[PDB]
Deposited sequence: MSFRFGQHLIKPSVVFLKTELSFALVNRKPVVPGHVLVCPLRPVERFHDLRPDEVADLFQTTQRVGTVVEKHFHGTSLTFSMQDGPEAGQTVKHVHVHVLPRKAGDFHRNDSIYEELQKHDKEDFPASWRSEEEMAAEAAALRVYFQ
């Protein structure tokens, strides 16, 4: 349904889609609620996004961060974008990792279980 690098995400796991971005649940979160926010348009590097895709990528990231920090009971969030091969980018598509954080906080999901974290998450988005 949704394009992410050279993988096709099923909407079942996509919990937000805006005018220019989309958000998905992780097949292997680093921590609970580890979600990703990407631009719909498939570009590998951050300097490739027109300015609007940027305002829309990060406005959406603000929103999502708040939801997962709430739903997953964290008290802080970590945002991180590995921009390019020497920075960690495996899948070649701009993407921000949003991880909720817990006091002294510090794998493989089933298409249906991820499908469950997704529906849970859609609820906070009006």
property: Deposited-sequence ranges lacking C-alpha coordinates, in sequence order; result: 1, 108 to 127
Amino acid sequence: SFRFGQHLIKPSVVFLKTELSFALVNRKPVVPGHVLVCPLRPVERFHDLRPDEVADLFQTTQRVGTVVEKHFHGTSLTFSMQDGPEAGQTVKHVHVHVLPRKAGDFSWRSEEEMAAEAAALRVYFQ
From here on, numbers count along this sequence of modelled residues.
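Think of the rigid core as the biggest set of C-alphas that the two forms share within 1.5 Å after superposition.
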property	result
Stretch farther from the shown model on average in 6 other deposited structures of this protein, with CA RMS computed after core superposition (56 to 64, 97 to 105)	97 to 105
Entry-level comparison of average CA B-factors, 55 to 63 and 89 to 97, reporting the higher stretch	89 to 97
Mean temperature factor over C-alpha atoms, higher-scoring stretch between 108 to 116 and 10 to 18	108 to 116
Residue with highest C-alpha B-factor in the PDB entry, from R27, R45, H34, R41	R27
Entry-reported Cα temperature factor of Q82, expressed as the chain third it lands in	middle
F2 - which third its CA temperature factor falls in, relative to the rest of the chain	highest
